[PDB]
Structure formats: structure tokens, C-alpha cells
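J.: Partial complex follows, first chain(s) only, in situ:
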Amino acid sequence: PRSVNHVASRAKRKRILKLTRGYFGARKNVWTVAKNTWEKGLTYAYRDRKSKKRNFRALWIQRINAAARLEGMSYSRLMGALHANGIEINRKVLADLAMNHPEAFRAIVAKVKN
Amino acid sequence: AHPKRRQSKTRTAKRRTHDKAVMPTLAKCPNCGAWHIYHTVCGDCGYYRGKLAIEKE
Amino acid sequence: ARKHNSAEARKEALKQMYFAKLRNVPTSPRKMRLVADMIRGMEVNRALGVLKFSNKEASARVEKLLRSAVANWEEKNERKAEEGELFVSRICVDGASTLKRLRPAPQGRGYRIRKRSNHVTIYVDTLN
């Protein structure tokens, strides 16, 4: 018998083209252009999921550095003192305390200020 | 000589920005109460500056 | 009964719209669209004067379409329109079927000529 999968073949394209809405010009709707654009974006997304962790750690470190300099120390000295004293609070929590709970950050600094 | 690439819809529309039909310069002629082109003979009554210029029987 | 119900809903909706259409006008949609953009949003009597004295060829057909739309409004509202009451509330120009022609070119080559048509739609309403 003769088999042509017209509906399935068209439905695959339509499903992918729902994902390329918002793109610029022909890259949103022209299919060969749109499908080309969408796959390069997927490679970018794989790379950026890895880079997001580095970016957020850098942001935490910068906020901790500013709060430590307000308290009288630097980031490297503060982190060395915390590691020596065995305090396991991570940089995300430390940055959150520095931004939003300065009294708690101050007590943490005063703990290792010796 | 030859376009290296086709123009996008955006580029074409940006060029067409200055394509516009011109509005005619229309005066009202309050006596006859209808439009005509400023500095022309009012084609309905045949008047111009309050004087019969063209007489239509 | 489904399509009958849908048609009845649409027929009730059309009673509150006042519009006229020109279909298959054998002229360039782009050149017609210039005139449409000139008169969009404008009071009807001024629009009639503008179309009467415009320097574009398409304005002559747009003027008769506008007169037809005003007449449709008058019939649907069962009264004559007053002075400055109506305005061009919507206008659009779409492309229509193209006639394809062949024109000879040097050295035996033949090139295609497109003779384009358009549709025009005009909605009038009151400046409420």
C-alpha cells in the first residue's frame, strides 16, 4: 500500500515552530531558518546552565567582599578565618545575610574577628 | 550591480517610510459651502474671489 | 443546528457594523494603500473633499466606496447623517488575484508581468 505521513510530517514542524515565537524576522517563522536558529540556541542553553553556577558564585563573593570591608576585613581574610574556625555556612547564605540581615552578618564576623 | 542579499521586511518598510500621498490644499468658500482647491476657480458656481469667472448655462 | 446557531450569532453581530467593501479592483494594492493611509481616521465630509481633489488615481474609487459606506450606515441607523457626525473608523487594503502576462525581452528571453488587484474595506462610525 501507499503510505504518506502528511499530517505527522506537518505536525512535527508546527510543534517546533511554536517554540521559535519571539525571534526576529524570518528566524521566527520560515522553518529552515527557524529550525536552524532553535538548535544553536539549545547548544547555548546547555553551556549557559553550566555558566550560571559560576556567575552566581561570583555575585555572592562580591557582596560578601563589600560587607566584610564594611565590617573591617577583606573577603579572603574573612573566608580564611571562617574556614579555620570550621564555620560551614556557604557563600549563598553569607551573601543573603550580608544583603538582608546585616546584624547576623556582623555577629558572624565578630565570631572570627579574634 | 547585484543585491548580495534580499532585503528584509524591516529594511523595505524603513525605506518606504517617506512614501506618502500628498494632501490637496483645500479652501472652503463659505458662500457656496463646499470644498475647492485654494487659488483655483470654484468649479461648481464658477466664481473666483467673489466674481463670476466662468458662466455655465 | 451548530452552524445555524453560529450563523445566527454572526448575523446579529453584523447589524451593529456599518461598512462597505470593494472587491477585485484591478490596480496596485500598494498605490491604493497610500490613499487609505491618507484618509484613515478622518471626518467623512473632509475625506470626501480630499478624495475628490486628490492627485492619485485610486482616490476616485475610494470616494465611491466611502459614499456607499455612508449610505449603508444611513440605512442601518434608519436616519440621515448630520454634519461632522461620521468619521472613517477603519480602512484596509488587501492584495487580490494577479493576472500573469509575458513580455518579450532581448535575445529571445521572456519576462513575467504581474497585473495586481486589491480589495478595500471601509468602516464608518460616529465620533463618540
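T.: The structure has been received and is ready for your questions. Numbers count the residues shown, from 1 in each chain, chains lettered A, B, ... in the order given.
J.: For residue B:36, grab the count of nearby residues.
T.: By the criterion of other Cβ atoms under 10 Å in any protein chain shown, residue B:36 has 22 neighbours. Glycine gets a C-beta too; all of them are placed from N, C-alpha and C.
J.: Could you say which helix or strand holds the closest residue to residue C:20 other than its chain neighbours?
T.: Spatial nearest neighbour of residue C:20, excluding adjacent residues (Cβ to Cβ, 6 or more residues apart in numbering or on different chains): residue C:69 at 3.7 Å. Using DSSP states H and E, residue C:69 maps to helix C:59-77.
J.: Can you name the residues that contact whichever residue of chain B sits closest to chain C?
T.: Proximity to chain C, evaluated over chain B using Cβ to the nearest Cβ, is greatest for residue B:35 at 3.6 Å. Shown in contact with residue B:35 (Cβ atoms under 8 Å, 6 or more residues apart in numbering or on different chains): B:26, B:27, B:28, B:29, C:49, C:52, C:53.
J.: Also residue C:54?
T.: With contacts defined as Cβ under 8 Å, 6+ apart, residue C:54 is in contact with B:21, B:23, B:24, C:35, C:38.
J.: The following sequence is to be added as chain D:
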Amino acid sequence: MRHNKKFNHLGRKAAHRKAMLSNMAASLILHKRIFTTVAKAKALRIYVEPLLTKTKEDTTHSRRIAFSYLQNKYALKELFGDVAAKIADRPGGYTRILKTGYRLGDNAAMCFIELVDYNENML
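T.: Placed with the earlier chains, chain D looks like this:
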């Protein structure tokens, strides 16, 4: 550049332009008002007022000078007959140009040019 060049060529060779001006002048003398393009009427005014001024000297010499421009004996007879007596003692400005509208076929700006003393309504 065309600094101080003071006549319109009207898209014609010189002989064609002169012949057209002569024909227009005869038509304007015979029928007292004609409908033309605005540019042609403005050129015709400069051409035709000196010819009308020449009738203020009623002489065979002035008749021959006018005929050298017209080459139309009917127009010459009408001009040195009725037109002369009508435009007598008017110090120039015998014609008037009024704009009317635009042509369908090419959008040309149209007007009429007329002899002033034959429009009673405009005095």
C-alpha cells in the same frame, strides 16, 4: 545653471516652440478665452502682449510687423479690428490667467487665459 535666462523652452525645439506660440496667439485672438496648461499660458502671455500693444499704432507698417508674427489673416483682421478698439487706452496687462484644475490623463495643471476686456463679469 540658467542664471537670468528669461524664457521657457517648453520641451520643444526652437522652431516648434515659435510655431506653437504663434498658433496659440491666433487662437486666443479668435476665441477670446482658451484653456491650456499653466506653463504654456505663462509663456504665451509674454509672447502675446507685445503683439496686442502693436495695434496702438494704426499703420500699414505695424500691420505688417504683426503679420510677421501671426501669419494668419483672419486673426490679423480680428486683432486690428475689434480687439484693438477693445484694448485701446489700457496700459498693458491685456490678458488674465486663472487656474482651474488637473487633467485625468497626465495630471497636468490646467488654466484658462483670456483677454481681460472680453470678460464683462470680471470687468
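J.: same question on the neighbour count of residue B:36, but now with chain D added
T.: When neighbours are counted by other Cβ under 10 Å, residue B:36 comes out with 23.
J.: Please report phi then psi for it.
T.: When read as degrees, to the nearest 10, the backbone of residue B:36 gives phi -160, psi 170.
J.: so what's it up against?
T.: Residues in contact with residue B:36 (Cβ under 8 Å, 6+ apart) are B:26, B:27, B:29, B:42, B:43, B:44, C:53.
J.: Buried subset of those, written for ChimeraX?
T.: Those of the contacts of residue B:36 that count as buried under 16 or more other Cβ atoms under 10 Å in any protein chain shown are selected in ChimeraX with:
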select /B:29,42 /C:53
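J.: Can you redo the contacts of residue B:36 as a markdown table, where the extra columns are distance to residue A:86 and secondary structure?
T.: A markdown table is the format used below for those (distance: Cβ to Cβ, whole Å; DSSP: H, G, I helix; E, B strand; the rest coil):
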| residue | distance to residue A:86 | secondary structure |
| --- | --- | --- |
| B:26 | 89 | strand |
| B:27 | 93 | strand |
| B:29 | 98 | coil |
| B:42 | 101 | coil |
| B:43 | 101 | coil |
| B:44 | 102 | coil |
| C:53 | 91 | helix |
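J.: Put this one in as RNA strand E:
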RNA sequence: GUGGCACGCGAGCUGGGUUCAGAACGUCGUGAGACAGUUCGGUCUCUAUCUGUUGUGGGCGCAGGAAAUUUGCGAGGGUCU
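T.: One more piece, RNA strand E, placed on the ones above:
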């Protein structure tokens, strides 16, 4: 003056030279033909999209709307004998 810029520059020009089909001389080859050679003749295509460059406008901005006169951040020209 000496050099660089695709020995600058043929979508700027030219076509003397060079690459082509005709023909001839010298030389080589049995020949078809050939040449550290010579000689006469021999179609130079494209409507400028992007960028670049030379000019000239429209829009908006500059605390609300304007008419004038201006300072000069800078740029270019000039520099021979």
C-alpha cells in the same frame, strides 16, 4: 627622488602588448604538427542591494513654545619657489 598600497587603481578607461580560431617566413619533424622565434589581422558584458565616499533633506531630541545673533569641543584647507 626612491619605494609601499593584489609589481594601488579595467562592476573607472584604453587594448598598443599578452591568451584564441585565418595566413606567411626561418628552424625542427616522414607526417599530423611544433618553437630561447618573427610577421599582418583579430567581440573588453552587468539597470549599485549592503558598506564606503561626496552632497542634500525629513523626524525627534536638547527643561514649555519660538525669532535672531553667537562661543568654539573639534574637523578640514592652506604651507612651493
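J.: same question on the neighbour count of residue B:36, but with RNA strand E included?
T.: Neighbour count of residue B:36, defined by other Cβ under 10 Å: 23.
J.: One more: residue C:102?
T.: 9.
J.: Tell me the bridge partners for the closest residue to it other than its chain neighbours.
T.: Closest residue to residue C:102 apart from its sequence neighbours, by Cβ to Cβ, 6+ apart: residue C:110 at 5.1 Å. Beta-bridge pairing for residue C:110 (DSSP bridges): residue C:104.
J.: got the contact list for residue C:110?
T.: The contact partners of residue C:110, taken as Cβ under 8 Å, 6+ apart, are C:102, C:103, C:104.
J.: for those residues, which one is nearest RNA strand E?
T.: residue C:103 (11.6 Å; Cβ to the nearest atom of the strand).
J.: Surely that closest one touches residue C:111?
T.: Yes - if you go by Cβ atoms under 8 Å, residue C:103 and residue C:111 touch, sitting 5.2 Å apart.
J.: Could you measure from the most centrally placed residue in chain B over to residue B:10?
T.: For chain B, the residue sitting closest to the mean C-alpha position, by Cα atoms, centre = their mean, is residue B:24 at 2.5 Å. Residue B:24 sits 32 Å away from residue B:10, going by Cβ to Cβ, to the nearest Å.
J.: Alright, that wraps it up for me.
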